[PDB]
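1. Structure of the sequence below:
(chains A and B)
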Amino acid sequence: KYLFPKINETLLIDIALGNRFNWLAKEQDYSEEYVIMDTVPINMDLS
Amino acid sequence: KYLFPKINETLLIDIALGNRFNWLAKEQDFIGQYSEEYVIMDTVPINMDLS
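-> Residues are numbered from 1 along each chain as shown, chains lettered A, B, ... in the order given. The coordinates are given below.
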C-alpha cells in the first residue's frame, strides 16, 4: 500500500500523411497567360 | 495533462546487521534437554583439639 505506481511504456503512436496530388509539385521564386483566337480561311475571290 | 507519471528507478536500500557475540557460538547436536553443572563448596580447616 506504499509504493509509487510504476509506469513502464509510453509509445507515441504516430503515422505520417500524404497528398495524392504531389505530381503537381511546381516550385517558383499577378501572373497571367493567353491564347490566340481562331482565324478561319477565306474564299479567294480574286476579282 | 494526458500522460501517465513516469517513475525512473527504485532503490531498495538494505544493510545486513551483525550480532557482536558470534565467538560465543558453541554448537550442540540437539539431543537431550537438561544440562547441569556443579562445584564443590569450600571448607576451611580447623584447629584440632584432642579433648
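
2. What about residue A:36, how many residues nearby?
-> Using other C-beta atoms under 10 Å in any protein chain shown, residue A:36 has 5 neighbouring residues. Every C-beta, even on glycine, is put in place using the N, C-alpha and C of the backbone.

3. Next, give phi and psi for it.
-> Note on residue A:36: backbone dihedrals following degrees, to the nearest 10 are phi -100, psi 140.

4. mind listing what the residue of chain A with the smallest separation from chain B touches?
-> Residue nearest to chain B within chain A (C-beta to the nearest C-beta): residue A:7, separated by 4.6 Å. Residue A:7 sits next to B:4, B:5, B:6, B:7 when contact means C-beta atoms under 8 Å, 6 or more residues apart in numbering or on different chains.

5. how long is stretch A:7-23 end to end?
-> One end of stretch A:7-23 to the other measures 45 Å (C-alpha to C-alpha, to the nearest Å).

6. If we go by neighbour counts, what in that stretch is buried?
-> Buried residues in stretch A:7-23, counted by 16 or more other C-beta atoms under 10 Å in any protein chain shown: none are found.

7. what secondary structure does residue A:23 sit in?
-> What DSSP: H, G, I helix; E, B strand; the rest coil gives for residue A:23 is helix.
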